[PDB]
Amino acid sequence: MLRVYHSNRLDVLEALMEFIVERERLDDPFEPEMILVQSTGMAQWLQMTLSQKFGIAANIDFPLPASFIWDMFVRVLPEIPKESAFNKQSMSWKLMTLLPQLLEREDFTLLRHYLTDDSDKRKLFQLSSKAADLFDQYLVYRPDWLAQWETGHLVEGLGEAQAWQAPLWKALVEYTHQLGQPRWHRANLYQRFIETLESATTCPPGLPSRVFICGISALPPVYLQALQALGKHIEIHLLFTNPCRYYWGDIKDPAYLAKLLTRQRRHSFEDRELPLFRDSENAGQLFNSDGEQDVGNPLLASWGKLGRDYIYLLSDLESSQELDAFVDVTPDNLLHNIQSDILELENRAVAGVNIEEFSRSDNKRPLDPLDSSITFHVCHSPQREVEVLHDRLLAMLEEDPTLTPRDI
Amino acid sequence: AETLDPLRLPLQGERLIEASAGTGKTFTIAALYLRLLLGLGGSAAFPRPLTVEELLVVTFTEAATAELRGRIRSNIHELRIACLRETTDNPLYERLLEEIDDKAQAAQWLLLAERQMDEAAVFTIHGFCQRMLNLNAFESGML
Amino acid sequence: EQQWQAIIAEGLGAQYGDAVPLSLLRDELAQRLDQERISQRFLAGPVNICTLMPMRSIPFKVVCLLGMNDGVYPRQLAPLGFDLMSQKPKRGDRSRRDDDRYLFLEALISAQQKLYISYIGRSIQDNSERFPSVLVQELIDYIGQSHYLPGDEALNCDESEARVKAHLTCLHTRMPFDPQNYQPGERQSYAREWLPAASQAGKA
Amino acid sequence: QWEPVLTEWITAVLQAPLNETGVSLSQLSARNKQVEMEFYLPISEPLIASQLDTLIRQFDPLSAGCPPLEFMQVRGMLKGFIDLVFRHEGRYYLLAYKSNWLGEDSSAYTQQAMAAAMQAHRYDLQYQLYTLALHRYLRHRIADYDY
Amino acid sequence: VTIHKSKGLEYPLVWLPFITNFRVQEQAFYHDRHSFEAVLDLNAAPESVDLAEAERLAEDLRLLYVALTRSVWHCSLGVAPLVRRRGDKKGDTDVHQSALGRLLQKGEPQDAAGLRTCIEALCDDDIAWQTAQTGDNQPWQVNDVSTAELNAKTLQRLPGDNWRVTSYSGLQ
Amino acid sequence: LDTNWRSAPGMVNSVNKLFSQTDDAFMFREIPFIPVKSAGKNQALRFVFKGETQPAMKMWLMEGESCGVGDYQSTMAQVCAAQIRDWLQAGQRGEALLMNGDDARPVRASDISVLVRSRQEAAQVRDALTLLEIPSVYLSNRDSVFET
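Residue numbers (PDB author numbering), protein chains in the order written: chain A, 1 to 408; chain B, 5 to 147; chain C, 613 to 816; chain D, 985 to 1131; chain E, 739 to 910; chain F, 443 to 590.
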């Protein structure tokens, strides 16, 4: 069972992780606890909060999502090396050898005009590094393109660069077939990894008891389709921070809108069913013809496109369990007003479409002049900017008696 | 020579605008930017409306490009407000509002322009040349 | 030695047979030696000074933002031109512009008590107006269209928006020894070393 | 040239058992071993050296000499990196590595010289914090835990 | 502010004391009147010198227009019978070799009295002239005023307690 | 663009009178000059003195038959400094004003600007203006701070 934990802030997710660890203890003490993070400061803050909550924080592994996915590839499917043969530097050094061999082809006349003018083996290495970075991005994000390029068939609807990218990739796959290096990579393995977990009867050995995903707000659909097959057997708790409590993503089809309407979240402690949309009868009028929801808040619609795609990718999972733990914020300050307008998904920006809305101004929210929550400062130089910032931080430390510089 | 109207300029082929000293050149550039964004002019209009990432503005001085980008952003916000309210205090903005028949689609296009103003193609000469050399490096032969 | 042997091992893992020039290895070593970044003192207890890192949102009481002028933020990375992911975008695609906008959204949400935003508004060279980023401009537009001051209860919509945006904007002085900073009121400078210089009570 | 002496020195270290019953390192499986355990230890009280060194000297027998170090009041988190933790016959054990050893060349490294090195390098506080971290980890992980 | 640095700016009152000062270009680097390409003549041919001096005079006229069109309320010009030639009294002045004298004297070589009559010919309500009088009475008046009282804030307590995340090496 | 929104109509008429004396005043056939039109909202801009309304363009003709370069520069710098100190002396008493319709504004030190071409005559203007206790800034100063 894959559990999804929607929350407004990260302290509620840390308390939920504390309740999950204190509720279910690990049967193997030396088994490391996999918590997936993106940066080192996120893992450091998670270690500090778990040490402050439990009294200790040890044997907690913080790998990359790609490293954890390759480790699960090694543990589930055998005959796989510990390191991937298809890396950025390895594909760059392979393509630096393969690109002069492919200059005789007719499809590589553009690279021949780019390379054979003047080359002291500098443009070739930069081209190989950029093409290896693009091939790594194709290994992460676009496995069907590489799967069709390995056969030799083109994809309809792409650009002109595929005309030099399709024979370059396939001759790479033969090249590692020519050497002693293994064949397997990230693209061709994920489908067999998904199929071998659904087709299996018992759980494979070597898998961890529970995996946490905290601080990660962006994942490819390939990684989510692998993690769904992992969550079918082993309980994986997903901690995702979303600023809005309602549904603020996109839609695919009207047959998918009813499937999203049938799915309802439930609270962790209150245990009450809560719907996604604020209005169920008017939920069809919010989405456009292409499938984009007309969000009333312009800041959430203009800034959080990555989270808008990520909540649509999370809602697309079939066996996902969605739990919502949102702590409401009382709108008293300006910053709390902004956070309440984002969380409650309402539009407080008064346009003034009529003359009665344009003449009166008391229909907006009152802002006290002593409210120093959100301030905008205009500076003249980078020295004077942080010189003003130091004085303002000293004023904030003098105004609040209980204020830690670690919290700044 | 002929006089220049910002709402009657045919945006086809090559046109040469001679803006004298002291004239509102920075206002005329923003007016033509709004004209290219909304697709106005009728018979002398563009065949299709263009986005923010397709309008190229070339000015040599970098502070002039920053001031022009800020003025174009302010004009986009003012025209979005005047299109949402169907009224304005400027006569050129009044003729701009009178030239369009639809109000919701123009307001949505101006909102998308306000959201995509960060990715605007308002560069200098050498900046645009460096961007074209780095983007299409195959035909040029640039590192 | 470790970086040089790592470069040679990554080259020999592909079994490179042709000759390799010296300048390419020199540029590769210069790129690899400056690739490292340190984050050991990120949350040691002193106040954190760091750049915006993607997919990292931590709740704090006071969140300050520097360099929010236009051109600097959001950090724009031009595409390669021959990449096929930029031509046909999908759902799970990631770009640096959307990552920076989501980082600004996470910085707005993650602020608990106080949010500070500072940008270069006036040029130090020619005293030219430097416009801020589009995110901060949309933020102050939403503030001016969603809030009003109690002094002007019902005056106008645009005038109240301009009055709110002028009340929030604190245009600081160009020099630290200016006496406007030491004027008693809402803001006052904490620099005791520049107090007799700003008071103008010294001998020539 | 150091390699054929290095491999036989490594096998001579691994063949030597380090336990009160005589358990070697080759009897530890991969599930039992845990290398480089990183821990964070919280402390909310102001860490006074005078109130801590007397409590250490009350129980630790190696604190007969070793005049106390001077450090400021530390309130917050403490980082630590244990080298090896391994279980055997239902009993946990901690193992650390020290490898400087510049001043000895003969067989004089007896228990007295090692105790003098522990008192000089002040590894007693590190070992006591390691025991506290392992006690808190075994209390948090295994329910109904006895030290 | 120089003439090149005043392009696009705005000033209420503008004074141009050295608008009659000109410079003669010596090198022969011009542009063709048909192909519109840069022609550099390394030989000392007088035709190339005249064709470069024509472009120099056009650049001086453009500088004159740029310097004149920045004033809003009032502009003042300094006109004088400047002679670039080393002769003291030759009967002719070189103001026609400048940008202002090409518009005042209508592109004709004249004298100081001829330049004065060309100035006095185009007299309207907006265009006037006066003589240059050398004299000084008093420099200025400061009119100073007393500065307002001010003080600096003092931090009452410590900014933060001794919070640090250390290791064993930090405690040794 | 026919309309001019910056300057007063007197300065616009002075420019259209000076540059349209002959045909092709810029001496090139492909650069034509046209009479520009002033703005309707700025038609009441008047720089008034204590005596009467000062005209737009005032060509200060230096008296003499033939003069040098440095003496002419020094005399015109002294005349410009005298005009600056006269506009600042009468400007602080409410005599010399900038009037837009009924609105009036006193002339401060930032209003008067001297347009030079080189650095030598700029330093000459700065010295001849600081001789009469008038501080002046140089916007076109591109000198390095490491050379002082």
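In this text, a Cβ means the ideal position worked out from N, Cα and C, and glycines have one as well.
I'd like the ranges of any alpha helix (DSSP H) spanning at least 4 consecutive residues and lying wholly in the segment 1002 to 1083 of chain D. 1033 to 1043
Could you check where the alpha helix (DSSP H) with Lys673/C kicks off and where it finishes? Against the third sequence, residue 673/C aligns to sequence position 61. Unbroken run through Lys673/C is the beta strand (DSSP E), 672 to 678; no alpha helix (DSSP H).
Measuring straight from C-alpha to C-alpha, what distance separates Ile473/F and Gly45/B? Against the sixth sequence, residue 473/F aligns to sequence position 31. Against the second sequence, residue 45/B aligns to sequence position 41. Their backbone Cα atoms lie some 29 angstroms apart in a straight line.
Please give me, in chain order, every unbroken run of the beta strand (DSSP E) with length at least 3 that falls completely inside the segment 102 to 144 of chain B. 125 to 127
Could you give the residue range of the alpha helix (DSSP H) that holds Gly215/A? What you label residue 215/A is simply residue 215 of the first sequence in a count that begins at 1. Note, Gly215/A: premise wrong, no alpha helix (DSSP H); not H, not E.
Quick check: what's the CA-CA separation for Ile554/F versus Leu783/C? Taking the sixth sequence and counting its residues from 1, the one referred to as residue 554/F is at position 112. Taking the third sequence and counting its residues from 1, the one referred to as residue 783/C is at position 171. Rounded to whole angstroms, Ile554/F to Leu783/C spans 27 angstroms at the Cα level.
Touch test, the segment 53 to 69 of chain B against the segment 23 to 42 of chain B, Cβ-Cβ under 8 angstroms, three pairs minimum: yes
In the DSSP assignment, the beta strand (DSSP E) including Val903/E goes from what residue to what residue? Taking the first residue of the fifth sequence as 1, we reach residue 903/E at position 165. Here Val903/E belongs to no beta strand (DSSP E), and DSSP marks it neither H nor E.
So the candidates are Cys87/B, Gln109/B, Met121/B, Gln120/B; which of them puts its Cα closest to the Cα of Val353/A? Within the first sequence, numbered from 1, the residue matching residue 353/A stands at position 353. That would be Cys87/B, whose Cα lies nearest to the Cα of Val353/A.
Counting only C-beta atoms, is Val739/E closer than 7 angstroms to chain D at any point? Your numbering for residue 739/E matches position 1 in the fifth sequence. Judged by the 7 angstroms Cβ criterion, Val739/E is not in contact with chain D.
When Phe475/F, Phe489/F, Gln562/F, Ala481/F are compared against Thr464/F, the one with the closest alpha-carbon: By one-based count along the sixth sequence, residue 464/F stands at place 22. Of the candidates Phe475/F, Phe489/F, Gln562/F, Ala481/F, the one whose C-alpha sits nearest the C-alpha of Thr464/F is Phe475/F.
Proximal residues, the segment 62 to 96 of chain B versus chain A, C-beta separation under 8 angstroms: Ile85, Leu88, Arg89, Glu90
Mind the definition here: the segment 213 to 224 of chain A touches the segment 301 to 312 of chain A only if three or more C-beta pairs lie below 8 angstroms; say whether that holds. yes
Where do the N-terminal and C-terminal ends of the alpha helix (DSSP H) with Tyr803/E fall, by residue? In the fifth sequence, residue 803/E corresponds to position 65, counting from 1. 784 to 806 is the span of the alpha helix (DSSP H), which, as asked, contains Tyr803/E.
Please list the residues of the segment 110 to 125 of chain B that have a C-beta atom closer than 9 angstroms to any C-beta atom in chain A, keeping them in chain order. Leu115, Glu118, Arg119
Within chain C, the residues that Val903/E reaches when beta carbons sit closer than 8 angstroms: Locating residue 903/E in the fifth sequence gives position 165, where the first residue counts as 1. Within chain C, the residues near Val903/E are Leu655, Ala656, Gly657.
So, are the CB atoms of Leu761/C and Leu335/A less than 7 angstroms apart? Mapped onto the third sequence, residue 761/C falls at position 149. Mapped onto the first sequence, residue 335/A falls at position 335. Against a cut-off of 7 angstroms, the Cβ pair of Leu335/A and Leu761/C comes out as no contact.
For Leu1062/D, the nearest candidate out of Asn1084/D, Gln1095/D, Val1069/D, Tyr1024/D (CA to CA): Within the fourth sequence, numbered from 1, the residue matching residue 1062/D stands at position 78. It is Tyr1024/D whose Cα lies nearest to the Cα of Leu1062/D.
On the DSSP bridge assignment, give the partners of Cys813/E in chain order. Translated into the one-based positions of the fifth sequence, residue 813/E becomes position 75. According to DSSP, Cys813/E bridges with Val752/E, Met499/F.
Under DSSP, the beta strand (DSSP E) around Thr869/E begins and ends at which residues? In the fifth sequence, counting from the first residue as 1, residue 869/E sits at position 131. 865 to 869 is the extent of the beta strand (DSSP E) around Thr869/E.
Could you give the first and the last residue of the continuous alpha helix (DSSP H) run that contains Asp712/C? Indexing the third sequence from 1 puts residue 712/C at position 100. Residues 708 to 722.
One or two residues paired with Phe489/F in a DSSP bridge: The residue given as residue 489/F occupies position 47 in the sixth sequence. According to DSSP, which records beta bridges pairwise, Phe489/F is partnered with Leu540/F.
What does a CB cutoff of less than 7 angstroms around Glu846/E pick up in its chain, not counting 5 residues either side in sequence? Looking up residue 846/E in the fifth sequence gives position 108. So the list reads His834, once near-sequence residues are dropped.
Anyone know if the C-beta pair for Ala523/F and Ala570/F falls short of 7 angstroms? Within the sixth sequence, the letter at position 81 stands for residue 523/F. Within the sixth sequence, the letter at position 128 stands for residue 570/F. Yes.
For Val776/C, which of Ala166/A, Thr375/A, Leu224/A, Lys82/A has the nearest alpha-carbon? Taking the third sequence and counting its residues from 1, one reaches residue 776/C at position 164. That would be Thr375/A, whose Cα lies nearest to the Cα of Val776/C.
Three-state secondary structure (DSSP) of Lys305/A: Looking up residue 305/A in the first sequence gives position 305. Helix, per DSSP.
Determine the direct distance from the alpha carbon of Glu235/A to that of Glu24/A, and round the result to whole angstroms. Residue numbering aside, residue 24/A sits at position 24 when the first sequence is read from its first letter. Residue numbering aside, residue 235/A sits at position 235 when the first sequence is read from its first letter. Rounded to the nearest angstrom, the two C-alpha atoms are 11 angstroms apart.
With 16 other Cβ atoms within 10 Å as the buried cut-off, status of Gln228/A: The count along the first sequence starts at 1 and reaches residue 228/A at position 228. Buried.
Relative to the C-alpha of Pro1052/D, which candidate in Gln1103/D, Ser1010/D, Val1069/D has its C-alpha closest? On the fourth sequence, position 68 is the one that residue 1052/D refers to. Cα-wise, what sits closest to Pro1052/D is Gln1103/D.
Could you tell me if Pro819/E is buried or exposed, where buried requires 16 or more neighbouring beta carbons within 10 angstroms of its beta carbon? On the fifth sequence, position 81 is the one that residue 819/E refers to. Buried: at least 16 other Cβ atoms inside 10 Å.
Should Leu1062/D be counted as a contact of the ligand SAM given a C-beta to heavy atom distance under 6 angstroms? The ligand SAM is not part of this structure, which contains no ligands at all.
From the DSSP output, which residues share a beta bridge with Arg3/A? The residue labelled residue 3/A in the question sits at position 3 within the first sequence. In DSSP, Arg3/A forms a bridge with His237/A, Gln321/A.
Do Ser268/A and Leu343/A have their beta-carbon atoms positioned less than 7 angstroms apart in this structure? Counting from 1 along the first sequence, the entry for residue 343/A is found at position 343. Counting from 1 along the first sequence, the entry for residue 268/A is found at position 268. Result no, Cβ atoms of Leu343/A and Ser268/A do not sit closer than 7 angstroms.
Opening and closing residue of the alpha helix (DSSP H) in which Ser758/C lies: Counting from one through the third sequence, the residue named residue 758/C turns up at place 146. Start and end: 746 to 758.
Where does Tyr1081/D land, buried or exposed, given buried means 16+ other C-beta within 10 angstroms? Working through the fourth sequence from its first residue, we reach residue 1081/D at position 97. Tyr1081/D should be labelled exposed.
Going along chain C, which residues have a C-beta under 9 angstroms from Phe142/B? Taking the first residue of the second sequence as position 1, residue 142/B is located at position 138. The answer, in chain order, is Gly693, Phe694.
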